[PDB]
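Okay, here's what each chain looks like letter by letter:
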Amino acid sequence: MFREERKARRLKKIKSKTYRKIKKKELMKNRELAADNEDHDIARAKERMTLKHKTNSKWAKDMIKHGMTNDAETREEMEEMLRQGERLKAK
Amino acid sequence: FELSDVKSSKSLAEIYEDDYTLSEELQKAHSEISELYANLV
Amino acid sequence: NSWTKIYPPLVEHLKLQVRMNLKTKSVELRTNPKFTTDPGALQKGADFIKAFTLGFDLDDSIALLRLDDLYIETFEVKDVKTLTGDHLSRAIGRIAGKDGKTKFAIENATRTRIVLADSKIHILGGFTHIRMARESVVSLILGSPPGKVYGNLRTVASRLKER
Amino acid sequence: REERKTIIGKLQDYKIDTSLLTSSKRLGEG
Amino acid sequence: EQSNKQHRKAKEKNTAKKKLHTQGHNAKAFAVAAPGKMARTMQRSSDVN
Amino acid sequence: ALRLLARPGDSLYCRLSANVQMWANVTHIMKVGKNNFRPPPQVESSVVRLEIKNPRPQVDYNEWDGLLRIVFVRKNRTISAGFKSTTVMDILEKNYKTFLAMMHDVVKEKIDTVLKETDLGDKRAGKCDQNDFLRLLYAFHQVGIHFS
RNA sequence: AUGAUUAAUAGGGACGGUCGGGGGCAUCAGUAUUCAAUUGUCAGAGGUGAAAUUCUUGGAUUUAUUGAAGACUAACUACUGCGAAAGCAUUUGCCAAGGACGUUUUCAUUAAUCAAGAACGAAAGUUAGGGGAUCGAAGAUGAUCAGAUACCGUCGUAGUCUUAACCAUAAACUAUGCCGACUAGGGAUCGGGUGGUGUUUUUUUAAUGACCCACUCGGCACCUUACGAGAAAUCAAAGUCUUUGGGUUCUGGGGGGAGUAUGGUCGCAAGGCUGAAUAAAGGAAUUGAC
Ligand SMILES: [Mg+2]
Ligand SMILES: [Mg+2]
Ligand SMILES: [Mg+2]
Ligand SMILES: [Mg+2]
Ligand SMILES: [Mg+2]
Ligand SMILES: [Mg+2]
Ligand SMILES: [Mg+2]
Ligand SMILES: [Mg+2]
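Residues numbered from 1 in each chain as written, not as in the entry; some residues may be left out. Chains lettered and ligands numbered in written order. Part of a larger assembly, values for the part shown. Heavy atoms only, no water.

Undergrad: Describe the overall build of chain F, with residues and values.
TA: Each helix and strand in chain F was counted, giving seven helices and two strands. Counting from the amino terminus, helix and strand elements in chain F follow one another as α-α-β-β-α-α-α-α-α. The globule rule puts the C-alpha radius of gyration for 148 residues at 15 Å, and the 18 Å found for chain F is more than 25% above it. Counting only C-alpha atoms, chain F reaches 60 × 35 × 25 Å along its principal axes. Sorting the 148 residues of chain F into buried and exposed places 43% on the buried side. Total accessible area computed for chain F in this model is approximately 8400 Å², and 52% of it derives from carbon and sulfur atoms. If the 23 positive side-chain charges of chain F are averaged to one point and the 16 negative ones to another, these points end up 8 Å apart. (Helix = DSSP H or I, 4+ residues; strand = E, 2+ residues; numbered from the N terminus. Rg over C-alpha atoms; globule rule 2.2 N^0.38 Å. Buried < 20%, exposed > 50% of the residue type's maximum accessible area, 1.4 Å probe, protein only. Areas by Shrake-Rupley, 256 points an atom, 1.4 Å probe, with all protein chains shown as cover. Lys, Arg positive; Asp, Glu negative; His and termini not counted. Charge placed at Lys NZ, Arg CZ, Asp CG, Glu CD.)

Right under this line is the structure:
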């Protein structure tokens, strides 16, 4: 337990978006390989009423209105948000 | 040229042992091409 | 768990008289006057077992029994630079690299073996091999990114093959 | 300037070679 | 191929309220009471000029 | 460039400014951005105009450097302190032995009088003008001390 | 001699045993660096990728018995502790100070936040003394050959230390105000307390001390979590059922990389004596010409 503990706060303290993005990327690849429409309809059902994943959100509206998403890296994050929202709206 | 970045299977005794004893591996591919060609032609 | 593969080479090839003492938790090697023949076998056996004692794979340690011009180089990070806290902890990560790749990169190019016992580093090889390895690991300590070191490791690798 | 002119003009009265004078470059030798 | 993240510098440029006093006097004190009449009357005067 | 154009009392005022300014006048012309070159340098660029004085001001090239250097070892520190260093006394003491040829306590006292009489011993080299050094340069010549 | 009620899982004070690399003043130890004495030996020693300045037959380096100077507390040192923060690791003593815990002790709203105002404040830096072992900006000088070892060496001023005073800036970071309540499971660690018919010890018993187990306070934190938030990284707080009220201080009105002009504001030089001077075979050539 002490060893498994010892590995955590060192990992918890490393918050670097490049490092965490790489870790998240490979985690999803492992998730998909290793590990029904009713859940999807419910998932779209929530998405279609809340309208959470477009540019009217506080963060997305803030980036767009200020010539600030023209930088590519933040645009990728904005676009990733839209596709994931687009995926939920898919039929 | 490429330098391997994984642990070598051979131990330091083994890598040197290889030195104790142009390339046979090249000469096997030398022949394997010929039979493929000999069968292809 | 590795002892089954440790005493055979010493007792048979080196003709040494081996024992390990539980009470003091130490290994014992004695020269047999009626059987031992090589004067340098006893120290050679001592040299071999120490390498395992420093953290080395047995098979790598066997190289010291087989050859005679293999030596241990050792140093600490603090000798290079006084890094502390995260700076020290990161610096260790630099030497190993992701998945330990960087440590394997140096080892193949230089023909040595590296154990990163926390801030303690030990190197096995020929005198020429270990010295250049000392340069590469130290260059990482000073803050050089490994990718640049990887290029230099490739450069020295070609020189090794030509000669 | 006119004050400068007097000093530089007066400097002519006190001018000497530098050949044997050790420069201040030697200051750090200690 | 490593690009570290930019360190967003602490603002050394004058803040907006400071900019008002960056002239010989306090810019906030020499104002008018009716800015609406300020713009209208001037625009007429400018064309008359 | 900003060191060359630096004026007395400014942060960038230095030995290079003091030396160049008395043999010539340097004036800024324009600023050149790093984008104006490729591959873009890591430093900004500038254009300056250098006008060398004719006639050359008749002061020994070595003497002017000698005084400038000992006082610019710490430009923001008092001139008196700049002469407190032990080696400054030793290099200077022998220079006085040269003057007599053609005494450490004496050269100490002589320096004390010069800095006191010129009222320069309590100011800083970073806030000194050409005239101030020239007056300092004289007061040592009168008492027989030549720097270089 | 004489009018009111609580004693807030608010606060202050008291008392009990503890706890801490908290602070100040003394004191002890500790190798190591440098230097010096004695002592055995004789050629180099040193340093780099490779070398030379450099010291060395008045004996270097190295060996051993000591002594002296000034710093500084390695290994123990940890996903631990203390302090408001900056910071804080040898022994023992004095000085006062402090959190938490226990309390069927005490005062009764004495509290939270904080312009003005005040104390402390990393390293560097300034003034005037002391000290000056090591390191060491500045500086000189050896070498300037070779790209993994490409900035190395020797000397070394200020400085590094201390006394009495100045400055007040950091990625002074959790890029994350303070106080209060509530909102998931798990076991590791620190300090204290409670309990057991638990182990070891006390090697006469015992009681303590050290461990084991369970619980309970406060602290650094850590795993899992479709509990909620976020775009996401991630967060027990950056959460409090769709849009918004528990109390209060401060800050911002737009980011990043480049340019243009200025009826604007504030700044910013020197110079007056001094002046040079065959185009081509008119060739190449161990290589050519006839
Ligand atoms: Mg009106
Ligand atoms: Mg109460
Ligand atoms: Mg108490
Ligand atoms: Mg402790
Ligand atoms: Mg604390
Ligand atoms: Mg002093
Ligand atoms: Mg910090
Ligand atoms: Mg709270």
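Undergrad: Before we move on, can you summarise the packing of aromatic side chains with the specific residues and values?
TA: In this structure the tally under the stated criterion is eight aromatic pairs over all chains. An aromatic cluster of three or more residues is present, and its members are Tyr-13, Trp-64, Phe-72 and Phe-133 of chain F. The ring of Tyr-150 of chain C carries the charged tip of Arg-154 of chain C above its face, separated from the ring centre by 6.0 Å. If you follow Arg-56 of chain F out to its NZ or CZ, it ends over the ring of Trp-23 of chain F, 5.5 Å from the centre. (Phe/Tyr/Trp six-rings, centres within 6.5 Å; stacked < 30°, edge-to-face > 60°. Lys NZ or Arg CZ within 6 Å of the ring centre and 35° of its normal.)

Undergrad: Hey, could you go over the interface of chain C and chain B for me, with residue numbers and the actual values?
TA: Listed as interface residues are 22 residues of chain C and, on the opposing side, 17 residues of chain B. Taking both partners together, chain C and chain B bury about 1700 Å²; carbon and sulfur atoms supply 60% of that area. By the criterion of area lost to chain B, the three top residues of chain C are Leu-67, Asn-108 and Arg-111 of chain C, representing 30% of everything that side buries. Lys-7 of chain B serves as the salt-bridge partner of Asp-57 of chain C, at 3.9 Å between the closest nitrogen and oxygen. Across the chain C-chain B interface, the total number found is seven residue pairs in polar contact. Top element by residues in the side of chain C that touches chain B is helix α8 (residues 146-162) of chain C. It accounts for seven residues. Residues of the side of chain C that touches chain B, tallied by class, amount to eight nonpolar, five polar and nine charged. (Contact = heavy atoms within 4.5 Å. Buried area = accessible area lost by both parts, 1.4 Å probe. Salt bridge = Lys/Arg side-chain N within 4 Å of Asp/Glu carboxyl O. Polar contact = N/O pair within 3.5 Å; in protein donor to acceptor, adjacent residues only side chain to side chain. Nonpolar A, V, L, I, M, F, W, Y, C, P; charged D, E, K, R; others polar.)

Undergrad: Explain the protein's contact with RNA strand G residue by residue, including any values.
TA: Lining the immediate environment of RNA strand G, one finds 53 residues, of which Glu-5, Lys-15 and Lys-52 of chain A, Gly-28 of chain D together with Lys-17 of chain E sit closest. Restricting attention to atoms of RNA strand G within 4 Å of the protein, one finds that 63% of them are sugar or phosphate atoms. A distance of 3.5 Å separates a base nitrogen of RNA strand G from a polar atom in the side chain of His-66 of chain A. For RNA strand G, a phosphate oxygen lies 2.9 Å from a polar atom in the side chain of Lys-31 of chain F. Mapped by element, the contributors of at least two residues to the surface near RNA strand G are α1 (2-13), α2 (17-34), α4 (58-64) and α5 (72-89) of chain A, α7 (127-141) and α8 of chain C, α1 (16-20) of chain E together with β1 (24-32) of chain F. The element that contributes the greatest number of residues to the surface near RNA strand G is α1 of chain A, accounting for six residues. Along the lines of polarity and charge, the residues of the surface near RNA strand G split into nine nonpolar, 17 polar and 27 charged. (Near = heavy atom within 4 Å.)

Undergrad: Before we move on, can you summarise the sheet that holds strand β4 (residues 113-117) of chain C with the specific residues and values?
TA: Residue and element names in this part refer to chain C. Spatial strand order, β3-β5-β4: three strands in an open sheet with antiparallel pairing. Strands at the two margins of the open sheet, each flanked by one partner only, are β3 (71-76) and β4. Between one strand axis and the next, the sheet turns through 15 degrees on average, direction left out of account. Two strands pair when backbone bridges link them, and β4 and strand β5 (residues 120-125) are joined in this way by five bridges, in the antiparallel orientation. Pairing of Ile-114 across the sheet is with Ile-123, part of β5. (Pairing = 2+ DSSP bridges. Axes fitted to C-alpha atoms, helices over the stretch in contact; angles between N-to-C directions.)

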